[PDB]
Every structure is written in C-alpha cells, then in structure tokens.
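Taken together, the values in this text are just the output of simple stated rules run on the coordinates, not laboratory data.
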Amino acid sequence: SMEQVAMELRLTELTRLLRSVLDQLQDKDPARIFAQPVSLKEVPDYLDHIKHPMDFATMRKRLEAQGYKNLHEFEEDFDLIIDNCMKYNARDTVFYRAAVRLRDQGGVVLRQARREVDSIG
C-alpha cells in the first residue's frame with residue numbers, strides 16, 4: 001500500500017535523525033569507554049551483575065536495521081549504557097565518572113531531539 005510506504009519513509013527519516021543523535025552522543029565519549037560490548041572473555045562474571053548489556057556498536061546495529069520505532073526505545077538503550085556502568089563500577093573509577101559525564105552531556109542532545117521528533121512528527 002501507499003500508507004505502508006509513507007510509514008516506511010517516516011521510519012527512515014527517524015532513523016536518519018537517530019543516526020545524527022547517536023553520532024553526537026558518541027562524541028561525548030572520547031575515550032571510547034562505551035564503544036563496544038563489555039568483553040565476556042575479560043569480565044567473565046559480567047552477566048551475573050548486568051542483565052541487559054548495551055553499548056554504542058550494539059545500538060548502531062539496531063539503528064541500521066531500522067530497529068528503533070520511536071525515540072523512547074533509543075533512549076532506553078542509551079540509558080542502559082549509563083546505568084549498567086554506574087552499577088558495575090564504583091564511584092571512584094574512570095568508568096563511572098565517564099558515564100556521569102556522558103549522561104550530563106547527552107541530556108542536552110536528547111532534549112532537542114525530542115523537540116525535533118515531535119516537531120517534524
């Protein structure tokens with residue numbers, strides 16, 4: 001149908017906007033602490049601590065499969081990145097501190113993204 005196509009064009013444009021949002025959030029992580037999945041070879045107990053691991057490469061795979069239906073789903077995954085880190089790592093660590101800074105800096109980007117998603121529909 002023509003409606004299914006219209007729908008698919010919206011999803012494609014949402015994917016376009018989320019790609020730009022993901023790029024902006026990932027620039028707030030210049031140390032690349034959140035770039036890839038925590039290695040289960042190097043942290044063999046990780047899944048005993050963290051039940052839903054997340055990282056920027058995993059988000060990008062979902063993104064490029066047009067797997068985010070709305071901004072809320074995308075934000076859920078960004079929040080997992082931050083919240084997993086803040087639980088696994090203690091307050092006095094470079095990892096925890098990197099998450100705090102990512103959360104704080106990403107807030108600005110996500111504030112305007114929400115406005116853009118509502119605005120453009």
If Rh is defined by the Kirkwood formula over all Cα pairs and Rg also comes from Cα, what ratio Rg/Rh do you get for the chain? 1.02
Gained length - residue 100 relative to residue 32, 0.36 nm times residue gap less alpha-carbon distance: 23.1 nm
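Determine the gain in length on full extension of the stretch residue 75-residue 40; use 0.36 nm per residue of separation and subtract their C-alpha separation, reporting nm with one decimal.
My answer for the length gained is 10.1 nm.
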Take the alpha-carbon centre of the stretch 1-50, take the same for the stretch 69-101, and report the distance between them in whole Å. 13 Å
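Hey, what did the chain get for relative contact order, percent, Cα under 8 Å, at least 6 apart? Mind showing how you got there, number by number?
Numbers: 92 pairs, mean separation 36.6, N = 121.
Rounded, it is 30 percent for the chain.
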